[PDB]
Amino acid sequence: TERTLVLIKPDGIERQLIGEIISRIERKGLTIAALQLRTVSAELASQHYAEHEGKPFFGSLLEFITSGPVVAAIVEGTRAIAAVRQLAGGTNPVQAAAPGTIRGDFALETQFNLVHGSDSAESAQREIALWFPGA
């Protein structure tokens, strides 16, 4: 029984997919432990992507994530971390993600891949701390 962080980015919201994404998580048999539509401080953004901070085009990541509010959620259940990455699909919506996955069905571009899921037990634990301090 694991906990993982899930974000529905501003592009997932504008395209009216909040409900859709939650549904897919619920139906996989996972539970929404925490859920909140919120804004992202410039620092929370940099803290989230801190790992890719050095990398190229880092700045563009922060710009988008703060352009509108996001839906943050704690997803909980058996193999929650792997399962969510499964539902989401690979990073490139066309060359990687299979159809039937969130990105596979709805996305065309890596920048606008709608959703985020923690990639490891360590990442989840850290990301959950930033997004849900008192959890």
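Numbers follow the displayed sequence, beginning with 1.
Relative to its counterpart among 10-18 and 122-130, 122-130 has the higher mean temperature factor, C-alpha atoms as listed in the PDB entry.
Of the two stretches examined, 86-94 and 59-67, the record assigns the greater average C-alpha temperature factor to 59-67. Ranking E26, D105, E76, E51 by Cα temperature factor from the entry places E51 first.
Per the PDB record, residue ranking by Cα B-factor puts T101 in the lowest third of the chain.
Placement of the Cα temperature factor of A33 within the chain: lowest third of the modelled residues, per the deposited record. Per the PDB record, residue ranking by Cα B-factor puts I81 in the lowest third of the chain.
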